[PDB]
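Q: Pasting a structure here, questions to come.
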Amino acid sequence: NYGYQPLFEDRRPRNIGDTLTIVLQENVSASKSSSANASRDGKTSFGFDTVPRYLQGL
Amino acid sequence: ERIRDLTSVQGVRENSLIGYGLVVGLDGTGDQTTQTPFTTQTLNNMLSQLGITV
């Protein structure tokens, strides 16, 4: 005797020793990315090509 | 027999209860279930509870 068995219920595992089908379908995907930047450019100039007389000493 | 008709006793009151269910056995006069997804969803829930997985 295997005990009471439901008639219309779907066949499910209920006790120790019962079998069950596992459909292994795994799809995992993780990603991450980052960046940082900094820039600085500086140019400066001053030139006196021709200096008038009253400015010579300066 | 007039005081019982004019007053109420403190603590002796009525409450309101609400719930959701399914009514079966209709003669083709039930939900269309195409415009009411919850009918089929809860029927599937009941069947799953009873052991049938649609």
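Identifiers in the structure tokens: chain A, B, ... in order shown; residue index from 1 per chain; ligand index from 1 in order shown.
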Could you build a table of the residues in chain B lying no more than 12 Å from chain A, giving for each the nearest pair of atoms and their separation in Å rounded to one decimal place, using only C-alpha atoms, ordered by chain and ascending residue number, as JSON lines?
A:
```
{"residue": "B:47", "atom": "CA", "partner": "A:9", "partner_atom": "CA", "distance": 9.3}
{"residue": "B:48", "atom": "CA", "partner": "A:9", "partner_atom": "CA", "distance": 9.5}
{"residue": "B:49", "atom": "CA", "partner": "A:9", "partner_atom": "CA", "distance": 10.4}
{"residue": "B:50", "atom": "CA", "partner": "A:9", "partner_atom": "CA", "distance": 7.5}
{"residue": "B:51", "atom": "CA", "partner": "A:9", "partner_atom": "CA", "distance": 5.1}
{"residue": "B:52", "atom": "CA", "partner": "A:10", "partner_atom": "CA", "distance": 5.5}
{"residue": "B:53", "atom": "CA", "partner": "A:10", "partner_atom": "CA", "distance": 7.1}
{"residue": "B:54", "atom": "CA", "partner": "A:10", "partner_atom": "CA", "distance": 9.6}
```
Q: Taking the DSSP assignment computed from this structure's backbone, write out as a list in words all residues of chain B that belong to helix (DSSP H, G or I).
A: residues 3, 4, 5, 6, 37, 38, 39, 40, 41, 42, 43, 44, 45, 46, 47, 48, 49 and 50 of chain B
